[PDB]
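Enquirer: Quick one: this structure, given as structure tokens, is what I'll be asking you about.
All Cβ positions, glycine included, derive from the backbone under ideal geometry; neighbour counts span all protein chains shown. What follows is calculated from the coordinates using simple rules that are stated; it is not laboratory data.
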Amino acid sequence: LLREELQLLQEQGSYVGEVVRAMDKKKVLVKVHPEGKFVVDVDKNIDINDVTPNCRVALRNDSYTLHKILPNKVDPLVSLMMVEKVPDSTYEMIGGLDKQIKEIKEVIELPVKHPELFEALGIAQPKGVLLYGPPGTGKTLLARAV
Amino acid sequence: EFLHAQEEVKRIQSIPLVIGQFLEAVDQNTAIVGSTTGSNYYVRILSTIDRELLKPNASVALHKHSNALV
Amino acid sequence: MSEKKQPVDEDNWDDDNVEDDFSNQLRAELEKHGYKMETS
Amino acid sequence: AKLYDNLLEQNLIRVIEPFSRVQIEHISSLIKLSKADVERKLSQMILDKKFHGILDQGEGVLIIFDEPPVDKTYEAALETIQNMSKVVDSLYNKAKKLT
Amino acid sequence: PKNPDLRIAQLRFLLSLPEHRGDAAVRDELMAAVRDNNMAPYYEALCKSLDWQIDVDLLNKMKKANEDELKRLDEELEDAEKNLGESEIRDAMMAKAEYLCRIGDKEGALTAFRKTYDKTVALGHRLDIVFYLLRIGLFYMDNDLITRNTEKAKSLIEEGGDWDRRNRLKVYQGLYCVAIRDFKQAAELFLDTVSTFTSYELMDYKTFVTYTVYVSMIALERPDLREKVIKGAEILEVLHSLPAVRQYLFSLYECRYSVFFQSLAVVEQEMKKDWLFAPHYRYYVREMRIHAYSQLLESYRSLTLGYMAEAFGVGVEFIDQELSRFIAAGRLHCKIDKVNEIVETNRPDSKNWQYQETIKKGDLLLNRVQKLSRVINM
Amino acid sequence: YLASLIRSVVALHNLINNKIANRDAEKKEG
Amino acid sequence: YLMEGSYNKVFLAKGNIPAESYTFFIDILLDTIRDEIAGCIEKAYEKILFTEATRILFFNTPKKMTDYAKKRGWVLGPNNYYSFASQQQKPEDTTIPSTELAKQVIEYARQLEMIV
Amino acid sequence: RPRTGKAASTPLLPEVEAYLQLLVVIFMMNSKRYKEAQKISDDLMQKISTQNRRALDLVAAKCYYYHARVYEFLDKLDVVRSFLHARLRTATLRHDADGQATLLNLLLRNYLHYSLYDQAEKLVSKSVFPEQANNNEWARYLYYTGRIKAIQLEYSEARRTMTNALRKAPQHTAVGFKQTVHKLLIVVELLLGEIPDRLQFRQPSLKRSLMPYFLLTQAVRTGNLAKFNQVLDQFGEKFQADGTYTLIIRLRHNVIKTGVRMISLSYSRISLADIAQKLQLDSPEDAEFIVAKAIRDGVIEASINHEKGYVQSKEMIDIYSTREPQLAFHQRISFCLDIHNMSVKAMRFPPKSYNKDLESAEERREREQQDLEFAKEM
Ligand SMILES: Nc1ncnc2c1ncn2[C@@H]1O[C@H](COP(=O)(O)OP(=O)(O)O)[C@@H](O)[C@H]1O
């Protein structure tokens, strides 16, 4: 094993790619970071349903044979969402806004936990919430909190 | 016998050394780096590297041709 | 397993060392010192 | 007053320094002070451990002696013991439960 | 409610163990017991108590009132779930499960607590639930269950400062370190005595003051007594309300050795009668004696033995038999002469005494890995 | 004494890392 | 009683036999303690006159104290038993730990790197 | 005889399991006769490599106990002595396992109860090692040889084989023999003078059968003389219930050496006209001689002014540079290296299922030389 590393490390590097989506006859469409898209093959050890759209790959460089699935990169919402860095909140930091909590529960909480409860009255569920008042009054932390 | 092979492997870290930057590993001792050429790669690594010296965002060393960790 | 032939048939340990040293010695000091006040 | 305590003891460490033993009657003369409060005050030095030594009641010889003892060697090897005992306690949790 | 709940356990101690003192405790403890819905924790206390023959209706009215509080939980869980709030069922018994904890036993108080642990996404309820599990982990003296939620507790204070959840917490760890004979840790948890508050469990803050001075007077040395507990205004004024402890502390500090034992019998006897100090007051004063002997005895080399009676504490042969068992107990580093009637001191260099604990721990772990290596692999 | 005191415990931990490699391999493979 | 320092009590049982003669056994026992008291002339004592250790066995003044006082030391003198309490020669030896310990260090090195 | 010894035992058990000593000793007996016909066919007829001998050394061994619990105390054991010498004679020749083990504790168990010479025969015995005797006979075996040097005067030789017999003993119950190794294990260290707290694990052993025996060492940890007699009258019969009393009777020596190390350590210039009174010896005139032999046998060193009466003692400190604790190391250096060595030797059985160290591949090597040939032509 240890002598073998002197030999096998002479093998060249592996490309990394990015699946758009697959097409017919065991082929996929993969684009590099700053290098164009390619219609390439798969190896035998990779399943097509295991091939996900929007997923990185290991790629050999000589024939662009598909090598291995590169784990996962990011959600396009977690990424930007984190970039924003909203100050996450909770009920336990609410200072005396209890009826406002009870109102917003009625608009938002109920058509999730009990969507049928409005079919109990034959009325449509609400969709929109307007929140107002002076600034510095808990708008952000309540909205994130819910 | 084995110690003949043991120090023998380090010839690849001769002197024509190009620079990448470590990104992550799939598993033990086989990884993914970000080259100073701009592109990223799935590479192999020298075994004697203390792996716990890795990842602030690690300045690593790549072979210029075989393109693996040095 | 465990056939075990029968020829015959914290909370404890800090209390056991102070049981070892603190064993049989006068047991009831409120009066020993108050009677050594005048005798000693 | 409190500055006089530190000045009193600043002299008191000053004259006591060059020897190993002396009688209280000379240091009382050499600080030009009494013997009872100096005897009690030297006792407070060796109660508060700011100065260390011993005292006598028969004539008042203060035996002064100092060496820094070896401390780093034994206790720092001793707390490794109670680390490893807890490690063996964790070995119950992967050994006794498992096989 | 668990806030007055420690005095209940202390008065269980006051009922049983002073055997002659078993009348006013079975008065006032019953006075608290056959009200406020208490049903479970005193059946064997009734066994240690007298007959109290007609307790049947007394239990029936209170298991009935308990049945009212349980059946209104049964009136609550269904309107709580039809329109769901923040799981209003566990929001009801997240507060009334402590009523199930004082009134019910640890099972309905435990589950519902580990149940509601997964409800509140913030530790503002979680860590106080953990405080409740700590407090029942003291009541049932669940010395392993406190080890869990102490760490599970401490795992939450790092986010936030939560000094009402840490300084309060250090009171609990000080009470455990003084529950066991861990006194250098008990005073260390009792170090602040300022952010500690006029508590619920030491409702006298000055009782907390007495406890931290009693543990500190062993736990720390002079270089710490002559700066720390002597210069605290926070500590001086509260024992300025104390005549005895002020005298009891200063009789060691002012070298007042003869009046020291006088207050030592009283403080030690109070510690005898006190709950939770009753395991270890012997351990207390056996250290207080040899500490007061060593403190004076490391000042003189040629002090005779008939000095210490009239000046230190009376009884020459009492000093004789007390010192002989301490040198013979392997401490009190000196050497007593007898028939020329003089006590000599020595000095042990820290090379033998420091070696002793090393070979102790090495033998202990030798026993440990010896035992494990026999245990595993058959 | 301390070095020999650690070394045994280390190798013991290693044998536990072997008995996990035995007992949960004999039933799994056969 | 021959376990502990009970001497006098043993010499009281020498003569206080209720069973039978036992005489040949208390004469072996009359000797095996003779050389033992002759052992404990040789302990770290002061000058003993010709009365104390003279009467510790069972003799008034025969030349049996010349037999012991010329057998061992504590030499017959002017009412005197001489203390040659030297015990001086044996300490301060580094070479025997430098032999044995240097054996034991290689003994450490045996089961240390080279396989057993 | 794997079928007929199992189909012997399988009815030889349930008769003699409950024992039913009412019209069952002859049925048991004749069934033992039939199993003994199988045992003689085992002793004579083709036991080679079949576990005819080995498989029925377990059946023979286990039937020695029912055999020994109807046919020992009720019947004559001394015939089973010579039958057991013949059983040992055919052992160790044809096969050296499982007959080298059980036939020696099963030889020992009434010879210990007797006073026959066979303790020194057990010294000169070859079968003292039965080579990994299955951790049950092997475990108790070290105890069975421990009480040998107990009745033949423990010189701290076998307290390690008592300790070793203890640590090889299983998790079943202490009332079997683990009481008696828990008692006798220290009984021999009370003979030395050393004593730990015994009662530290109050499971099913450290509440029931200790109180005379811990009450014994409670007196031993004192420096009192007739306190030992106040134990020895109080539970002279309880120590005769086990039969340790002949070892109990000799402890006055270690009590008084405990006292003289205690006082000789405690006081320095103390009269001999004080130590007889304090040790309640009632005679100072031989308290010259107990003290004198305390010098003679080792223990205490310094002189008695036999003319005056004070026994002076010198202050012997700095035992560190005295090369005793290097030996206290080297005993444990070597052993701790050994238990690392055993943690190596017990470790390497795992190494298995290491099928193939495949270098790289074959077909991908053909592709490497193929694309290499493309770049080489290129
Ligand atoms: N009820 C409240 N409890 C605690 N903090 C509050 C509350 N209301 C406002 N704050 C503080 O005001 C800030 C939030 O402002 P907010 O009203 O949520 O958004 P905006 O000010 O943009 O309307 C936070 O930093 C918060 O700590």
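Enquirer: Inside segment H:235-349, counting only helices (runs of 4 or more DSSP H) that do not spill past its ends, which hold 3 or more residues that are in contact with a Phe, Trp or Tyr (Cβ under 8 Å, 6 or more places away or on another chain) and under 27 Å from G:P91 (Cα atoms)?
Expert: H:325-345
Enquirer: I would also like to ask the following. Which ones in segment H:297-306 are surrounded by 16 or more Cβ atoms within 10 Å (Cβ to Cβ) and either touching an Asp or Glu at 6+ places or on another chain (Cβ under 6 Å) or facing another protein chain (nearest Cβ under 8 Å) (or both)?
Expert: Hits for segment H:297-306 are H:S303, H:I304, H:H306.
Matching residues to (1) of a type in the set (D, E, K, R); (2) under 30 Å from G:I37 (Cβ atoms); (3) exposed (fewer than 11 other Cβ atoms within 10 Å of the Cβ):
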{"site": "G:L76", "(1), (2), (3)": "no, yes, no"}
{"site": "G:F84", "(1), (2), (3)": "no, yes, yes"}
{"site": "G:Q87", "(1), (2), (3)": "no, yes, yes"}
{"site": "G:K90", "(1), (2), (3)": "yes, yes, yes"}
{"site": "G:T94", "(1), (2), (3)": "no, no, yes"}
{"site": "G:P97", "(1), (2), (3)": "no, no, no"}
{"site": "G:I106", "(1), (2), (3)": "no, no, yes"}
{"site": "G:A109", "(1), (2), (3)": "no, no, yes"}
{"site": "G:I115", "(1), (2), (3)": "no, no, yes"}
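Enquirer: Now a separate question. Are any residues in segment G:75-116 part of a helix (DSSP H, G or I), basic (K, R) and more than 10 Å from every other protein chain (Cβ to nearest Cβ), and if so, which ones?
Expert: Correct list: G:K103 only.
Enquirer: Quick one: A:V57 ticks every box in (1) over 30 Å from B:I32 (Cα atoms); (2) within 21 Å of the chain's Cα centre (by Cα); (3) away from the ligand (no atom under 14 Å from the Cβ) bar one, so which box is it?
Expert: Among (1) over 30 Å from B:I32 (Cα atoms); (2) within 21 Å of the chain's Cα centre (by Cα); (3) away from the ligand (no atom under 14 Å from the Cβ), A:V57 violates only (1).
Enquirer: Here's something else I'd like to know. Among the residues of segment A:68-96, what is the count of those that are of a type in the set (V, I, T), in a loop (DSSP other than H, G, I, E, B) and away from the ligand (no atom under 11 Å from the Cβ)? Steps first, answer last, please.
Expert: The first filter runs over segment A:68-96 and keeps only residues of a type in the set (V, I, T), leaving A:69, A:74, A:78, A:83, A:86, A:90, A:94.
In the following step, the residues that additionally are in a loop (DSSP other than H, G, I, E, B) were identified as A:74, A:86, A:90, A:94.
If we keep only those that are away from the ligand (no atom under 11 Å from the Cβ) as well, we get A:74.
Selection size over segment A:68-96: 1.
Enquirer: Does any residue in segment A:82-108 that is within 13 Å of another protein chain (Cβ to nearest Cβ) and closer than 22 Å to A:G128 by Cα come within less than 6 Å, Cβ to Cβ, of a residue that is assigned to a helix (DSSP H, G or I) and within 13 Å of the ligand (Cβ to nearest atom) six or more places away or on a different chain, and which pairs are these?
Expert: Qualifying pairs under 6 Å: A:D88/A:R144; A:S89/A:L141; A:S89/A:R144; A:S89/A:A145; A:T90/A:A145.
Enquirer: While we're here: Need at least 1 residues that are within 12 Å of chain E (Cβ to nearest Cβ) and farther than 28 Å from E:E227 by Cα per element, so show me which helices (runs of 4 or more DSSP H) inside chain D make the cut, counting only ones lying wholly within it. Quick ask: steps written out before the conclusion?
Expert: On the way: elements: D:2-16, D:24-30, D:36-48, D:72-91.
Ranges flagged: D:72-91.
Enquirer: Can you tell me which residue is nearest to the other protein chains (Cβ to nearest Cβ) among those in segment B:1-48 that are among the aromatic types (F, W, Y) and closer than 21 Å to A:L1 by Cβ?
Expert: B:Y42
Enquirer: OK, next. Tally up the residues in segment A:97-124 that are surrounded by 14 or more Cβ atoms within 10 Å (Cβ to Cβ) and not in a helix (DSSP H, G or I), please.
Expert: Qualifying residue count, segment A:97-124: 2.
Enquirer: A further question follows. Of a type in the set (V, I, T), more than 16 Å from the ligand (Cβ to nearest atom) and closer than 24 Å to E:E81 by Cα: is that true of A:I108 in this structure?
Expert: So A:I108 fits the description; yes.
Enquirer: Next question. One residue is enough: does segment E:266-275 have a residue meeting the conditions within 15 Å of the chain's Cα centre (by Cα), of a type in the set (S, T, N, Q) and not in a loop (DSSP other than H, G, I, E, B)?
Expert: Taking every residue of segment E:266-275 in turn, none turns out to be within 15 Å of the chain's Cα centre (by Cα), of a type in the set (S, T, N, Q) and not in a loop (DSSP other than H, G, I, E, B).
Enquirer: Considering segment C:6-27 alone, what residues qualify as being over 18 Å from H:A219 (Cα atoms) and at the interface with chain E (Cβ under 9 Å from one of its Cβ atoms)?
Expert: Matches in segment C:6-27: C:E10, C:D11, C:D14, C:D15.
Enquirer: Any residue that is away from the ligand (no atom under 12 Å from the Cβ) and closer than 21 Å to E:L123 by Cβ - is there at least one of those in segment A:128-146?
Expert: Yes, the conditions are met somewhere in segment A:128-146.
Enquirer: Here is a follow-up. Select, from H:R160, H:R208, H:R109, H:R140, the only residue that is under 17 Å from C:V8 (Cβ atoms) and exposed (fewer than 14 other Cβ atoms within 10 Å of the Cβ). Working first, answer last.
Expert: Working: H:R160 fails: under 17 Å from C:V8 (Cβ atoms); H:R109 fails: exposed (fewer than 14 other Cβ atoms within 10 Å of the Cβ); H:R140 fails: exposed (fewer than 14 other Cβ atoms within 10 Å of the Cβ).
The conditions single out H:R208.
Enquirer: Could you give every pair whose Cβ atoms fall below 7 Å, whose first residue belongs to segment A:122-144 and is closer than 12 Å to A:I94 by Cβ, and whose second residue is within 8 Å of the ligand (Cβ to nearest atom) and part of a helix (DSSP H, G or I), counting only separations of at least 6 or pairs across chains?
Expert: Sorted first by the residue in segment A:122-144, then by its partner, the pairs are A:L141/A:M93.
Enquirer: Any residue in segment H:350-362 that is of a type outside the set (S, T, N, Q) and in a helix (DSSP H, G or I)?
Expert: Checking segment H:350-362: not a single residue is of a type outside the set (S, T, N, Q) and in a helix (DSSP H, G or I).
Enquirer: Checking E:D363 against (1) over 34 Å from the mean Cα position of the chain (by Cα); (2) exposed (fewer than 15 other Cβ atoms within 10 Å of the Cβ), which test does it fail?
Expert: Checking E:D363 against (1) over 34 Å from the mean Cα position of the chain (by Cα); (2) exposed (fewer than 15 other Cβ atoms within 10 Å of the Cβ), the one that fails is (1).
Enquirer: Starting from residues that are within 11 Å of chain B (Cβ to nearest Cβ) and over 10 Å from A:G17 (Cβ atoms), keep the ones in segment A:53-71 and report whichever is surrounded by the most Cβ atoms within 10 Å (Cβ to Cβ).
Expert: Within segment A:53-71, the subset within 11 Å of chain B (Cβ to nearest Cβ) is A:56-61, A:67-71.
Now restrict to residues that are over 10 Å from A:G17 (Cβ atoms): A:60-61, A:68-69, A:71.
Values: A:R60: 20, A:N61: 14, A:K68: 18, A:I69: 17, A:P71: 10.
Once the filter is applied, the top-ranked residue is A:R60.
Enquirer: From the list H:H95, H:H85, which residue is within 22 Å of H:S125 (Cβ to Cβ) and touching a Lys or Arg at 6+ places or on another chain (Cβ under 6 Å)?
Expert: On the way: H:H85 fails: touching a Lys or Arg at 6+ places or on another chain (Cβ under 6 Å).
Testing whether each residue is within 22 Å of H:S125 (Cβ to Cβ) and touching a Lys or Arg at 6+ places or on another chain (Cβ under 6 Å) leaves just H:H95.
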